[PDB]
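Trainee: My structure is below; once you've seen it, I'll send some questions.
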Amino acid sequence: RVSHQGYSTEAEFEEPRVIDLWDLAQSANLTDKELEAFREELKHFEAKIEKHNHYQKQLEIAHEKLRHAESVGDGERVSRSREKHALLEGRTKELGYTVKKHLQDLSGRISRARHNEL
């Protein structure tokens, strides 16, 4: 399950109180219609942040092996390191932005929790 790296290279929107507010939002005081709508929307959300996490982990493992690959001179794997690294970083910037967007959106909606869906 998602957990902090504890560096300066993740995105600090993992599970502070955000997904947590949405965790109690599975039963807090919303409505049945809203709930099942939220349920699917967050199921896509959780899935995507879970994959972001998977790639942040592969990034740190890439980064470690990168400094270790540049520290051999192999060239080919130095480049393949950079290629998959740029890909993974592309997904961190984009997913992180998308998370922050939906963060403020769902934070917006659930903090009312309107009544007839949101």
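Residue numbering restarts at 1 for every chain of the structure tokens, chains are lettered A, B, ... in their displayed order, and ligands are numbered from 1 as they appear.
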When DSSP works through the backbone of this structure, what residues of chain A end up as alpha helix (DSSP H), shown as a ChimeraX atom specification?
Mentor: /A:18-24,32-70,76-112
Trainee: Any idea what's packed within 8 Å of region 79-89 of chain A, counting only C-alpha atoms, ignoring anything in its chain fewer than 5 positions away? Could you give it as a list in words?
Mentor: residues 55, 56, 58, 59, 62, 63, 65 and 66 of chain A
Trainee: Go ahead and dump the residues you just picked, C-alpha atoms, as a short mmCIF file (atom, residue, chain, number, x, y, z; two decimals), in the first residue's frame.
Mentor:
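Once everything was written out, this is result.cif:
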```cif
data_model
loop_
_atom_site.label_atom_id
_atom_site.label_comp_id
_atom_site.auth_asym_id
_atom_site.auth_seq_id
_atom_site.Cartn_x
_atom_site.Cartn_y
_atom_site.Cartn_z
CA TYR A 55 6.58 4.06 -10.63
CA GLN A 56 8.02 6.30 -7.83
CA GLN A 58 10.82 1.99 -9.74
CA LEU A 59 12.23 5.58 -9.98
CA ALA A 62 16.27 3.34 -11.23
CA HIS A 63 18.04 6.34 -9.55
CA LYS A 65 21.07 1.80 -10.28
CA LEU A 66 21.64 4.99 -12.38
#
```
Trainee: Quick check, in Å to one decimal: how far apart do CA of residue 10 (chain A) and CA of residue 73 (chain A) lie?
Mentor: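 Distance reported for this atom pair: 27.5 Å.
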Trainee: Can you pull out the residues contacting residue 26 (chain A)? Cut-off 9 Å, using only C-alpha atoms, and skip same-chain residues under 2 positions away; I want them as a list in words.
Mentor: residues 22, 23, 24, 28, 29, 30, 35, 36, 38 and 39 of chain A
Trainee: Env of residue 11 (chain A): 10 Å cut, atoms = only C-alpha atoms, seq-sep filter 2 positions within chain, self excluded. Answer as number ranges by chain.
Mentor: A: 4-5, 7-9, 13-14, 52-53, 56, 92-93, 95-97, 99-100
Trainee: Just the residues within 12 Å of residue 108 (chain A), please, counting only C-alpha atoms, with nothing from its chain fewer than 5 positions along; format it as JSON, numbers by chain.
Mentor: {"A": [18, 21, 22, 100, 101, 102, 103, 113, 114, 118]}
Trainee: So which residues touch residue 116 (chain A) within 9 Å, counting only C-alpha atoms, skipping near sequence neighbours fewer than 3 positions away, as a VMD selection string?
Mentor: chain A and resid 31 33 to 34 113
